[PDB]
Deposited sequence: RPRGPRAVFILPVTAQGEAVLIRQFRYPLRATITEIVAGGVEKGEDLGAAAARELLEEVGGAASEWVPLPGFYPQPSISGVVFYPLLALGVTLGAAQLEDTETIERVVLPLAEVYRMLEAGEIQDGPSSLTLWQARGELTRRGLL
C-alpha cells in the first residue's frame, strides 16, 4: 500500500528564542555537523506524532506549539524520499551533542554559509518569516 518513505525535520525554539541544535557524527564526513532535529517517520505514524517523538528522543524536548512548513525532496534526482519540516515553539528541555544557541547567532551562521547541512539550512530559511513576525528573531 503505497506511501513513500518520509522523515520529519524539526527546528526547536525555546520561550527564550534559542534554537535547539545537535552536532551529530556523520559517517560520510567522518566528522560531526550542526543539524536541526530529524528522524524517519514510522509505519503507523502520523507526521505530528513522529515529530514529537523525535524531539523527545533526540534532545529531550517538548513543544508548546507546532507550525508545519513546506515539505521538500532532498535529492529528487536519485530518491523519492520527502522531508517534512516543522517549527516547534515554546520548547522545554529536561554520537549526538545538544547545542543551544540564540536565534540571532544561528541566522548569522546561516547567512555566512556556516550551516552546510542542506535540509537544516532550508528549514531555517523557511521558518525565518514566522520567527521574525513573532519577534523571536
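Exercise. Could you give the ranges of the deposited sequence that carry no C-alpha coordinates?
Worked result: Residues lacking C-alpha coordinates: just 95 to 102.
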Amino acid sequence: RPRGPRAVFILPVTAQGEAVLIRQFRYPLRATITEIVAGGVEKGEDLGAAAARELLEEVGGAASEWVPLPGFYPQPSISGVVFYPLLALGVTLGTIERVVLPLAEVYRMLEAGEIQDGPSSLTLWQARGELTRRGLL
From here on, numbers count along this sequence of modelled residues.
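Problem set entry | 68 to 76 versus 40 to 48 - which carries the larger mean C-alpha B factor in the record | Between 68 to 76 and 40 to 48, it is 40 to 48.
Exercise. Higher mean Cα B-factor in the deposited model: 52 to 60 or 85 to 93?
Worked result: Mean CA B-factor is higher for 52 to 60.
For this session: For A112, return the chain-relative third of its C-alpha B-factor as stated in the PDB record: lowest, middle or highest.
Result: It falls in the top third of the chain.
Exercise. Split the chain's modelled residues into thirds by Cα B-factor; is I33 in the lowest, middle or highest one?
Worked result: Lowest third.
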